[PDB]
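Read-outs throughout are calculated quantities, based only on the coordinates presented, and are distinct from any laboratory measurement. Positions of Cβ are generated from backbone atoms using ideal geometry, with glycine treated the same way; all protein chains shown enter the neighbour counts.
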DNA sequence: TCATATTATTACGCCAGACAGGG
DNA sequence: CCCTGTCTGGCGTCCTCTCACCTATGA
Ligand SMILES: [Zn+2]
């Protein structure tokens, strides 16, 4: 089975990507597993915002890396190859893995 | 009447339409002669 | 539409221009199903698709893209009679002189290289050696050599010395045969002699020497290097009433030439001794 | 001193020609006139020529040509046929009948950048693998996908060197 | 089933055409 | 060197009809 790991910072974008991937899968092949949402990584950062000194002065940023696990149960000849053509939205790292 | 295949299909259409006319063409067995002589080391052609 | 029919010799460039693909494997067909062989005598890419406007294996089952050739099929996409006009070529490993120009009575290569038919066949069937521009030794150009004549010469003239055999040697002789030069010589020889027999023997040799210069026929086109194969449609493989294929005789001939040529390429590619290969090239010559 | 010679057999019956040749030697007991006999036969190069350590008497020549399924020697002439070299047959000796073919242990998974994936979605496909996760049994073969060079976690058994 | 590759009979009748032999 | 037996190749009627018979091998 083809496991697909979508990773992105924007959630909407990721969602869009996932849908597209599903569409790509579903026309060619059959029995797409589904878009399973894994836990989001909220990598936080604190920094001092003064140039020199004021320690209680701080900004707390974060990067929300979202995960989408799409799986394809039956890899046909038409389906797997299709991925190459269908171009998705930018800033979405995909990670397909057969078996 | 014998050999040329496009010639005889043109002939059959022309006979069932009343025309009575032949488009001659070439015997296909002469092309077979060209392929059998040409399949040796001999280079037979058709000039002009 | 067209005037006169012109006949001439077939150059290896001319035979490669006729062709549409090298016929390698001798395997005719599958014989247990219906499909042919990829890529054997009855190929797909070299010639054409059995079915009209169809990839025999699987793509294009309508009338839109006539021509596409996928990697899964290695097939052209045209008419059912397209294979009847298309011909293949067999890359003969070892050079083989034509039998029509070696045994026509009089032989074309017999009265051109000033050598007796008997001696021409000896060297041609790997039974005699022939010298070719030896050098500073005591030997002629047309004069042949035997095993004993070569062995002694081998230990004698080990340096500048050339003495090959077979069609290869013959080809060289023909290739290195200044036609024009011979004309004057022959013409001068005919005007400087009174011998009746010689006169007729010289006028028949100079007639075929000046006629070759008048046309675009080369002396090295006598030996077959790029053997041409007749179209499958013209060597048809139909089964009779039953379950077996009544095969033509030309398929036996082409399949043997290709079997022997594959054997000769494999023996030449294994870096084996230089003599081994005389029987192999002789069997290819006879094939 | 025994020098080498080349024998031509019916190609395909070469091991049986070699066995019959050894047996004709031990029948007509010219044991001092034959050293060895190289006749390979794979499930095969050279599958058509038999190398014989020999000397040249006309009796031993008639012996080798009276061995069945043997055409004759290959040389300059048929009166005094030709020896070649010891190195020529030397190569054959090494792989005369040594355990060869149908055996690919650790020499059938070479990473480099030449492999084909078949035990998965990549139907009849190949790609270049830059990095590899042997420890966790993973491969980063970058198969030409989506108009680029995106890698895909494949299985060692799933791919083929 | 899928590659492997060629040997133990003679008994036509001219008629040209090329070839080694010899006065 | 000009006759000469001797050997080798190359011909041998068109049209039609009926029937039967078709490579061995093999770990
Ligand atoms: Zn196709």
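Structure values in brief
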| item | result |
| --- | --- |
| Any hit, the range D:90-110, residues being within 30 Å of residue D:144 (Cα to Cα), more than 16 Å from DNA strand E (Cβ to nearest atom) and touching a strand residue (DSSP E or B) at 6+ places or on another chain (Cβ under 6 Å) | no |
| Filter pass, residue C:233 being within 15 Å of DNA strand E (Cβ to nearest atom), within 14 Å of chain B (Cβ to nearest Cβ) and out of contact with any strand residue (DSSP E or B) (no Cβ under 9 Å at 6 or more places or on another chain) | no |
| Flag if residue C:23 is away from DNA strand F (no atom under 16 Å from the Cβ) and more than 14 Å from chain B (Cβ to nearest Cβ) | no |
| Of residues in the range C:45-59 being more than 14 Å from every other protein chain (Cβ to nearest Cβ) and within 24 Å of the chain's Cα centre (by Cα), the one nearest to the ligand (Cβ to nearest atom) | C:45 |
| Failed criterion for residue C:243 (all others in (1) surrounded by 11 or more Cβ atoms within 10 Å (Cβ to Cβ); (2) within 16 Å of DNA strand F (Cβ to nearest atom) hold) | (1) |
| Candidate set from the range C:196-216 (those that are within 16 Å of DNA strand F (Cβ to nearest atom) and in contact with a helix residue (DSSP H, G or I) (Cβ under 7 Å, 6 or more places away or on another chain)); member that is nearest to the other protein chains (Cβ to nearest Cβ) | C:203 |
| Test: residue in the range C:177-192 that is within 14 Å of another protein chain (Cβ to nearest Cβ), buried (at least 17 other Cβ atoms within 10 Å of the Cβ) and either assigned to a helix (DSSP H, G or I) or more than 16 Å from DNA strand F (Cβ to nearest atom) (or both) | no |
| Residue match in the range D:138-161 (condition: over 30 Å from residue D:11 (Cα atoms) and in contact with a helix residue (DSSP H, G or I) (Cβ under 7 Å, 6 or more places away or on another chain)) | no |
| Boolean, residue C:82 is within 14 Å of chain B (Cβ to nearest Cβ) and within 16 Å of the ligand (Cβ to nearest atom) | yes |
| Residue tally, condition loosely packed, with under 15 Cβ neighbours inside 10 Å and more than 14 Å from chain C (Cβ to nearest Cβ), over the range D:37-49 | 1 |
| Criterion (away from DNA strand F (no atom under 16 Å from the Cβ) and either within 14 Å of chain D (Cβ to nearest Cβ) or touching a helix residue (DSSP H, G or I) at 6+ places or on another chain (Cβ under 7 Å) (or both)) met by exactly one of C:133, C:160, C:168, C:127 | C:127 |
| Residues of the range C:81-113 satisfying the condition of being over 23 Å from residue C:16 (Cβ atoms) and touching a helix residue (DSSP H, G or I) at 6+ places or on another chain (Cβ under 6 Å) | C:107, C:110, C:111, C:113 |
| Residue match in the range C:240-252 (condition: within 12 Å of DNA strand E (Cβ to nearest atom) and within 14 Å of chain B (Cβ to nearest Cβ)) | yes |
| Pair list, Cβ under 7 Å, 6 or more apart: the range C:109-133 residue closer than 19 Å to residue C:211 by Cα, other residue within 12 Å of DNA strand E (Cβ to nearest atom) and assigned to a loop (DSSP other than H, G, I, E, B) | none |
| Strands (runs of 3 or more DSSP E) fully within the range A:1-98 counting 2 or more residues that are exposed (fewer than 14 other Cβ atoms within 10 Å of the Cβ) | A:32-37, A:41-48, A:58-72 |
| Residue match in the range C:75-83 (condition: touching a strand residue (DSSP E or B) at 6+ places or on another chain (Cβ under 9 Å) and under 30 Å from residue C:269 (Cα atoms)) | no |
| Some residue of the range C:258-274 being within 14 Å of chain B (Cβ to nearest Cβ), out of contact with any helix residue (DSSP H, G or I) (no Cβ under 6 Å at 6 or more places or on another chain), crowded, with 16+ Cβ neighbours inside 10 Å and in a helix (DSSP H, G or I) | no |
| Residue match in the range C:98-110 (condition: at positive phi, part of a loop (DSSP other than H, G, I, E, B) and either away from DNA strand E (no atom under 16 Å from the Cβ) or more than 14 Å from chain B (Cβ to nearest Cβ) (or both)) | yes |
| Subset of the range C:136-157 that is under 23 Å from residue D:78 (Cβ atoms) and in contact with a helix residue (DSSP H, G or I) (Cβ under 8 Å, 6 or more places away or on another chain) - its residue that is farthest from the other protein chains (Cβ to nearest Cβ) | C:144 |
| Where residue C:149 falls short, out of the listed (1) over 19 Å from residue C:112 (Cα atoms); (2) buried (at least 17 other Cβ atoms within 10 Å of the Cβ) | (2) |
| Residue match in the range C:60-80 (condition: buried (at least 19 other Cβ atoms within 10 Å of the Cβ) and either touching a helix residue (DSSP H, G or I) at 6+ places or on another chain (Cβ under 8 Å) or over 30 Å from residue B:32 (Cβ atoms) (or both)) | no |
| Test result for residue C:5, over 27 Å from residue C:284 (Cα atoms), away from every other protein chain (no Cβ under 14 Å) and more than 16 Å from DNA strand E (Cβ to nearest atom) | no |
